[PDB]
Amino acid sequence: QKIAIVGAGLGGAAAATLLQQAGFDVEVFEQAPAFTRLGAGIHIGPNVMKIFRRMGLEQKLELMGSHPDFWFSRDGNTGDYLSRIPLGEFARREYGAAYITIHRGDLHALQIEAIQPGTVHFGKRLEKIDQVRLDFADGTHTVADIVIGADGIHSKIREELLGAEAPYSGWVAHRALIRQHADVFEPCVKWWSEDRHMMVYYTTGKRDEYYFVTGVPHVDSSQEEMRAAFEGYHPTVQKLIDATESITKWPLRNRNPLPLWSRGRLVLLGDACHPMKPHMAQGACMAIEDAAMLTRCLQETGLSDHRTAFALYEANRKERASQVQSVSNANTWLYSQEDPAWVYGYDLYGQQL
Ligand SMILES: Cc1cc2nc3c(=O)[nH]c(=O)nc-3n(C[C@H](O)[C@H](O)[C@H](O)COP(=O)(O)OP(=O)(O)OC[C@H]3O[C@@H](n4cnc5c(N)ncnc54)[C@H](O)[C@@H]3O)c2cc1C
């Protein structure tokens, strides 16, 4: 009995690792010709560190990541503190694991290196879908008993199931890494204004590398673009823009379709399953939660009963996914002094299936 995973992103690589460690036969097929360490940071909450704990990766991630004492929300124009969300040791004791911000590329490499060698295949772009046959752009094919669609917002699995999907992006994310101003650079801060924001944090425990990602109404960017976009923001933000060397700009969708969890022998996770706006910045975390829950369900039913496994998987994920959807719709996440326990203290492995 064979599982094929389409996409070796954070969601698909986590599923591969968890499913192989559960003793299942798994191969992963990734379209990219090569592996790239994304030059970006990422947030990993305690709820997902407990999943990395099951993989055996939690201790390594703690050594690599920055452990902010607080998440600060600050008014972009005034620098007023809108929220001082306690993390650090409090997070460790209250939620049962660390909150970290980490180099996304190095996390991603570590995650793929946890997969069994010789089971991850690059340059395998899925072009078409008892059993499931997968046809790849390079002319080869493979077969499996179930297929996991972890192929992101442009999922081919989703497209094969539902058709073409209607076509637009009126906002972007600027991303930059910064490597004199350390006294005013807090380890995890979100600067807000009425229609845009900048999220800033360190990528490592060394704190020698400081990352920002924005969301702004709207390839290589430039400092002139950043300055106009953030005209009026606090001196700290201007110093960040001034300290950049290279800035890139990424398009964000104005809308997303409704969740698709499974159909027949095909099951979906992460952005392929429940794409949504990155307001909360928990999408990768939700992808890894999907992988962990899906693994728990296939562990209950075995692969011979994939229909029950897929039903249990949707049943045990749809409410939490829907909560994240509605909070991210409000676009209020940590804007005020709120209790984040429902996200960070969530106990994925204690949930009765
Ligand atoms: C600005 C922005 C900031 C964010 N910040 C955070 C954060 O701080 N913390 C967090 O948890 N989340 C964050 N997210 C969300 C997160 O990036 C995504 O939710 C996450 O990447 C989804 O993971 P995934 O595995 O489902 O899909 P992806 O990461 O998109 O991976 C999909 C993989 O499948 C491959 N693939 C695609 N199509 C095919 C095909 N036909 N055939 C074969 N392979 C294919 C792809 O090349 C890719 O490698 C952010 C998102 C945005 C836009």
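Chain A is numbered as in Swiss-Prot; shown residues: 5-133, 138-175, 177-188, 194-232, 242-376, in order.
The way this entry was determined, per its header, is X-ray crystallography, 2.1 Å.
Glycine is treated like the rest: Cβ placed from N, Cα and C.
Residues or ranges marked as active site, proton acceptor by Swiss-Prot on the basis of similarity to another entry: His47 (among others). Within 10 Å of the C-beta of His47 (active site, proton acceptor) there are 21 other C-beta atoms, taking all protein chains into account. Look at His47 (active site, proton acceptor): DSSP puts it in a strand.
Annotation note: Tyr215 (active site, proton acceptor) sits in a strand segment as assigned by DSSP. If you draw a 10 Å sphere around the CB of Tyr215 (active site, proton acceptor), it holds 24 other CB atoms from the protein chains shown. According to Swiss-Prot, the active site, proton acceptor annotation covers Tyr215 (among others).
Summarising the annotation, Swiss-Prot assigns FAD binding site to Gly15, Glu34, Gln35, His47, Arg108, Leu130, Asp294, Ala307, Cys308 and lists experimental evidence as the type of evidence. Other Cβ atoms within 10 Å of the Cβ of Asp294 (FAD binding site), summed over all protein chains shown, number 26.
Gap in the deposited chain: 5 residues are missing between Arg188 and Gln194, whose Cα atoms are separated by 10 Å. Listed recorded positions: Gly15, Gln35, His47, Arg108, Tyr215. Those with a CB atom under 6 Å from ligand 1: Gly15, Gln35, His47. All protein chains considered, the CB of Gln35 (FAD binding site) has 20 other CB atoms within 10 Å. Cβ neighbour count for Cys308 (FAD binding site): 25 (other Cβ atoms within 10 Å of its Cβ, all protein chains included).
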